[PDB]
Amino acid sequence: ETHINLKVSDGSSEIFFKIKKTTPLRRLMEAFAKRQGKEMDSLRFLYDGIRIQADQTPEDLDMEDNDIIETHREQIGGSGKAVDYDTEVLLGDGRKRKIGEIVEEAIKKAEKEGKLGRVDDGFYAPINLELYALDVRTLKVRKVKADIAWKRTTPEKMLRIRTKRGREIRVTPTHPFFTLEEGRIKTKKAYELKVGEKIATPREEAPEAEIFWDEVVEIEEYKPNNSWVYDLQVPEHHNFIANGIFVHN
């Protein structure tokens, strides 16, 4: 047998193509893209781990049949609350760990088991992580638990925010923070923040610590290159301490 039929899937959408092993896959993915209603480079085609490039064939990537090419949507419109891989999450035991390591670990543990979740723009995985977060009614630092780890495609632009105190985080343009208007603590999306506006941080990264309202001094829009962004979902309080800042889900 020479010709090979792969299943191309965005998690939801699955289309079966059969092509011969010498064919470049340029038009397989161009066809799938048009079937999805978008042009080819708003999508990401992945075999096992590494991302394909258009001018490759089945044999040079060691293909089999019923093999799958997973596609991930490039976010147009931001809309995907998440943060940079290196964002240091503050664990419930006091230590700090980059959220990307946390999420990738959770993802391969979910994959070795049978509960890795897939969405068109990435993956999620069950987790049970004790974090430090802001108590939305006590307004002091508390312990919480995250149940879902999230790994999504990088948006077309991201925002790096740095505060007068010297805290700095790289987040998607929609990622919300805590603000204070008239005595209201509200949440504001990142792109809504203005230079000089104060966002909530922990005064110390210790339990029962109160809020330090930190003046935002730098807001930088930039084209990223990191390929994946990450987040943690924490029920009830919907936030956690990352890079010394209260980041809201």
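Sequential numbering from 1, following the sequence displayed.
So, looking at the entry's B-factor column for Cα atoms, which has the higher mean, 70-78 or 99-107?
Result: 70-78.
Look over 181-189 and 219-227 in the entry and identify the one with the greater average Cα temperature factor.
On average, C-alpha B-factors are higher across 181-189.
Per the coordinate record, which of the options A200, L46, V195, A209 holds the highest CA temperature factor?
Spelled out: the listed residue with the top C-alpha B-factor is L46.
With respect to C-alpha B-factor, does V247 fall in the lowest, middle or highest third of the chain as deposited?
Its C-alpha B-factor, which the entry lists for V247, ranks in the lowest third among residues of this chain.
State the tercile, meaning the lowest, middle or highest third, of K145 with respect to the CA B-factors recorded for its chain.
For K145, the deposited C-alpha B-factor lands in the middle third.
By the record's CA B-factor, is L232 among the lowest, middle or highest third of residues in the chain?
Bottom third by C-alpha B-factor.
Could you tell me which third, lowest, middle or highest, the C-alpha B-factor of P155 occupies within its chain?
According to the entry, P155 has a C-alpha B-factor in the chain's lowest third.
Where the record places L90 (Cα B-factor, split into thirds across the chain)
Middle third, going by the recorded CA B-factors of the chain.
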